[PDB]
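This report refers to the structure that appears directly beneath it.
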Amino acid sequence: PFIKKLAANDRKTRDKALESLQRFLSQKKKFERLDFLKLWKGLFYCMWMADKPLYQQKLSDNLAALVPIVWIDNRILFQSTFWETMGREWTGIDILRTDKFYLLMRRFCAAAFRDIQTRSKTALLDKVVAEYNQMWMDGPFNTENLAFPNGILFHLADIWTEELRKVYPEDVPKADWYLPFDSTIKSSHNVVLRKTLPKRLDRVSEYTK
Amino acid sequence: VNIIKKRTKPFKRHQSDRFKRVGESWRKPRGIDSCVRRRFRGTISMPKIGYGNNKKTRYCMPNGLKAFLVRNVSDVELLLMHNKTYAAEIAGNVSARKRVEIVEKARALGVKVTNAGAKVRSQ
Amino acid sequence: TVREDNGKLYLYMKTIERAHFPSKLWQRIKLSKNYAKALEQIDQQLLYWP
Amino acid sequence: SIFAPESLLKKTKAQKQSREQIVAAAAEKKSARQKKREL
Amino acid sequence: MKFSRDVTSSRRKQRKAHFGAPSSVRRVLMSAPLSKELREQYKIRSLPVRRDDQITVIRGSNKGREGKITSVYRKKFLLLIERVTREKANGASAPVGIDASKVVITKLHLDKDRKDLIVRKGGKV
Amino acid sequence: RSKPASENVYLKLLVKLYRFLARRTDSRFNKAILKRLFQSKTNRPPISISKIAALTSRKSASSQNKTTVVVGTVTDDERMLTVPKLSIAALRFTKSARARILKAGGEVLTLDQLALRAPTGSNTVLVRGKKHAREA
Amino acid sequence: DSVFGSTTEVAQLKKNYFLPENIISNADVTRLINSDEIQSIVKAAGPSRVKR
RNA sequence: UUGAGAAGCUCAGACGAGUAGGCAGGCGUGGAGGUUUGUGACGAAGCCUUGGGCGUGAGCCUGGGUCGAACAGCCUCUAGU
RNA sequence: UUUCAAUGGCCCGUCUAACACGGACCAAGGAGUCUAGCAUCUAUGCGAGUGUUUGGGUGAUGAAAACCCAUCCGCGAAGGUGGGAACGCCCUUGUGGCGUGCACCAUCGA
């Protein structure tokens, strides 16, 4: 009843429906994955239809800060559905539009690192990264789903440590920040995705173990 | 680049000077009895690919600008970015009024109109 | 593109995200008389274009 | 603040490898081609 | 367009039935538009042309010359008006054929037949 | 052969992709994928869903994660009752083959989606079909 | 949607009609070549039109 | 450095008669659909020319005279070409 | 362009060295076209299938077009061993080794 307005052809209607989703999403209940897969087919097109470079790079942040609005239980469900729906239809783009769906990925990967910082003050981060790592093990970095394209993970390696440093300027503590990228290059059957992934990664071994 | 021609005399079909039924446009002879086909010396020459002209100074008038048929007032507009490599040749059936308005605008675009003077006596 | 309209030169730009709206497809910027100002106004509008 | 088209971010990284890996074989060529000019 | 299979659109069939129509068809093909002062009092767009009407010529080189029709020449498809006469070399005068579609009727030669056509065809007296 | 005999302008596109991939990489896969798109329709014969399932899954049944790749048409065999979990990548799929792979199995790809999954063509099988009509 | 249907669903106003599909999955071939899937693996490029 | 009609652009070498024959690209004529916000009584088509221009060529564009109602370029289809 | 000078230049086509045969000239006409059958190659659509047009239904805007289609019917209807396309893992970088080996060809099975 709500999504088919997010794919309107008027930015005065698309955005007018976006801020009311902030009311719709902060509800304290349980959401099923497909319901977040149908909602994430609206915010794809809410961002697929984005005209100006000073609006789409503001729309991305309004999508990025939408994650802390999600309830604590389904906050990790909401990002898992995005990385699926940003890997299911990444081949449908062209170069004149990938440039704007890279920054949405850059924000959401960074918006994850921000939420671990928020969750690290409630409970120890060693479990918070693991269940976040779990979300990485059934989303992009899952091995058995060969359909997840390379262009996501090549860009997911370049923005991994740099927006870890951006959200943690003082010092990021030791955790399994790179464990997704180690289990990926070890057994994933995309041959180039295990060969040239280390050549793209900027992993920092001084603080990790 | 200075324009050059490998030949200036066109080719003229054999014995198209004697007979008035035979036209002057070139036609390669088809008989092996022919003196011309076997290319006996003294007979006329033939069109071959040897006389092909330079692939850059082709289609160029002796000035250096290639031609372009402008048959209305929005056909000279395309020549705005090409005024130093094209000459706006006006088409023949264009009226002697629609002609006098192409000239007054091609002159603003600095384009050479080759035959702007037709039907146009100035005062 | 750049194309004049009644004395003053304009700059017309299009994008993918307005392609399906042929009325609103092309936007417009009016280029200043100062020739060095107009070059510095094309670049600031056409940034990171090829 | 327009940022950048981050496609052009990853051309400026692959052109730090293209420059370095051939500007290295510029001194190592010019120092090499002083041996053979004598030899 | 036309949507009848019992009308003809070929130039051949239409341009033959015109030039070889009999002299009763050749009457209603020679009709004249009424003047703007008669178009509102008879409510008739056009009348077929009678003899002794009161017309004015709108088109042609004989522009605006008023008169009355002398001999409605149904054969060569033209009216013949009073005193609009091209000269001849010999000294006599010749009549100028004005097309029946060019004249504008200013006063009808009202008769019992025309009135019984006027009163039914959209108007009155 | 240097240009396809066809006028399918969705197949000038593939040739525009694999004759780029032939010269910017060191794989002879792309210099074999391109070397087949030029071949005429009688030179790219069909290959069934059973011969594909027999080629990969035999001897040791090495069918771990390799994408079978035929530049032809993946037709059907209905004498095959159960279909294994396969993954193919061809130009054309017949509508009874594409519904007999997905019903219990994997992925159906065009050579577009192949070039974004194995850009140098590793972990693949490059099969053909039988050219033999036995008299024609 | 009932005259032509879909690519995997029968058009309702036509017996045994399914909409065709494509030999290229993405309808745009000069925007795979420039993707991150290709330009990571390719060998070092040569120059443009070469010097004489 | 922009030279991406990737059916484009660019670099370098060798070669050049040609019969029967084989292959390829184009030129022109009458009609048909689409297109040129197409040309035309301020002169369309045609015709003539000791005028100019292009193409290797088939051909095309044009100035002057004549003349008086229609006509052409581009992409396809078609043949009593 | 007209002409002059110098140098060259056996009349064209059909024939079989010359010939012969055709040629007074000019204009317009004028000759591998249509159809059925078979085969090759290529293109496209679908594919163990494929083919609407004998018909029927429909078609208000050339309604002989386009569009839809029942019942027949026509054409068709899983052996090892060597190479060998390609692709992994190699470590003698490669070389070579190592594994899976498509079409096609030999070899022994039926």
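Heads up: the protein sequence lines correspond to chains 4, e, 3, F, Y, Q and C, in order.
Counting the first sequence from 1 gives a position; the deposited numbering is that position plus 5.
Counting the second sequence from 1 gives a position; the deposited numbering is that position plus 3.
Counting the third sequence from 1 gives a position; the deposited numbering is that position plus 51.
Counting the fourth sequence from 1 gives a position; the deposited numbering is that position plus 11.
105 is the number that the deposited numbering gives to position 105 of the fifth sequence; each next residue is one higher, with no gaps.
Counting the sixth sequence from 1 gives a position; the deposited numbering is that position plus 14.
Counting the seventh sequence from 1 gives a position; the deposited numbering is that position plus 260.
Note that beta-carbon positions come from the ideal geometry of N, C-alpha and C, so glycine has one too.
Practice problem: Please go through the same chain and pick out, in chain order, the residues whose beta-carbon is closer than 6 Å to the beta-carbon of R27 (chain Y), but skip the five residues on each side of it. | Solution: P48
Exercise. Please list, in chain order, all residues of the same chain as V133 (chain 4) whose beta carbon is under 7 Å from its beta carbon, the five residues on each side excluded.
Key: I121, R124 and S125
Self-check item: Any chain 4 beta carbon closer than 9 Å to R79 (chain 3)
Solution: no
Exercise. Could you tell me which chain 4 residues have their CB closer than 9 Å to the CB of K46 (chain F), listed as they occur along the chain?
Key: The premise fails here: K46 (chain F) is roughly 33 Å from chain 4 at the closest Cβ pair, so nothing lies under 9 Å.
Quiz item: Do the stretch 182-195 of chain 4 and the stretch 151-162 of chain 4 touch if we need at least three Cβ pairs shorter than 8 Å?
Solution: yes
Quiz prompt | Residue nearest to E37 (chain Y) in terms of C-alpha spacing, selected from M30 (chain Y), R45 (chain Y) and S31 (chain Y) | solution = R45 (chain Y)
Quiz item: From the beta carbon of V133 (chain 4), is the nearest beta carbon of chain Q less than 9 Å away?
Solution: no
Quiz item: Of all the options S29 (chain F), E17 (chain F), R44 (chain F) and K46 (chain F), which has the alpha carbon lying nearest to the alpha carbon of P307 (chain C)?
Solution: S29 (chain F)
Quiz prompt | Test: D104 (chain 4) CB closer than 9 Å to a CB of chain F | solution = yes
Practice problem: Measuring only between beta-carbons, confirm whether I283 (chain C) sits less than 9 Å from chain 4. | Solution: no
Quiz item: In terms of residue numbering, what span does the alpha helix (DSSP H) encompassing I8 (chain 4) cover?
Solution: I8 to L11
Quiz prompt | Local conformation of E66 (chain Y) per DSSP, three classes | solution = strand
Self-check item: Straight-line Cα distance separating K63 (chain Y) from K121 (chain Y)
Solution: 30 Å
Practice problem: Starting from the C-beta of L82 (chain e), find all residues in its chain whose C-beta is less than 7 Å away, skip the five residues before and the five after it, and write them out in chain order. | Solution: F71, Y89, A91, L112 and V114
Quiz prompt | Under 8 Å from the C-beta of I67 (chain 3): neighbouring residues of chain 4 | solution = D99, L101 and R102
Quiz item: Taking a cut of 9 Å between CB atoms, which residues from the stretch 268-295 of chain C lie near chain Q?
Solution: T268, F278, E281, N282, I283, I284, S285, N286, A287, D288, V289, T290, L292, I293 and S295
Quiz item: Using a Cβ-Cβ cut-off of 7 Å (strictly less than) and excluding sequence neighbours within five positions of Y137 (chain 4), which residues of its own chain qualify?
Solution: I81, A117 and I121
Quiz item: Is the beta carbon of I81 (chain Y) less than 9 Å from the beta carbon of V104 (chain Y)?
Solution: no
Quiz item: Beta carbon of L128 (chain Q), beta carbon of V88 (chain Q): below 9 Å?
Solution: no
Practice problem: Mind checking which residues open and close the alpha helix (DSSP H) that includes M140 (chain 4)? | Solution: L130 to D143
Quiz item: Which word fits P133 (chain Q), buried or exposed, when buried means at least 16 other C-beta atoms lie within 10 angstroms of its C-beta?
Solution: buried
Quiz item: Rounded to a whole number of angstroms, what is the C-alpha to C-alpha distance between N155 (chain 4) and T39 (chain Q)?
Solution: 17 Å
Practice problem: Flag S266 (chain C) as yes if its beta-carbon sits less than 9 Å from any beta-carbon of chain 4, otherwise no. | Solution: no
Quiz item: Terminal residues of the continuous beta strand (DSSP E) containing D56 (chain 3)?
Solution: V53 to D56
Quiz item: How about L130 (chain Q): is its C-beta nearer than 9 Å to some C-beta of chain 4?
Solution: yes
Exercise. Give the residues of chain F in contact with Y107 (chain 4), contact being defined as C-beta atoms less than 8 Å apart.
Key: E17 and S18
Self-check item: As assigned by DSSP and simplified to three states, the class of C38 (chain e)
Solution: coil
Exercise. Check the Cβ-Cβ distances between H194 (chain 4) and every residue of chain Q, and say whether any is below 9 Å.
Key: yes
Quiz item: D126 (chain Q) CB to nearest chain 4 CB: under 9 Å?
Solution: yes
Quiz item: What's the call for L109 (chain 4), buried or exposed, on a 16-neighbour Cβ count within 10 Å?
Solution: buried
Self-check item: Simplified DSSP state of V139 (chain Q), which is helix, strand or coil
Solution: strand
Quiz item: From which residue to which residue does the beta strand (DSSP E) around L68 (chain 4) run?
Solution: Taken as a continuous stretch (DSSP letters only), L68 (chain 4) belongs to no beta strand (DSSP E), being part of the alpha helix (DSSP H) at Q61 to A69.
Quiz item: With a CB to CB cut of under 7 Å and the five nearest residues on each side skipped, what residues in its chain are close to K8 (chain e)?
Solution: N56
Quiz item: How would you list, in chain order, the residues of chain 3 whose beta-carbon sits under 8 Å from the beta-carbon of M54 (chain 4)?
Solution: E68
Self-check item: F153 (chain 4) versus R208 (chain 4), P174 (chain 4), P58 (chain 4) and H194 (chain 4), residue with shortest Cα-Cα distance
Solution: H194 (chain 4)
Quiz item: Do you know offhand how far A36 (chain F)'s Cα is from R44 (chain F)'s?
Solution: 11 Å
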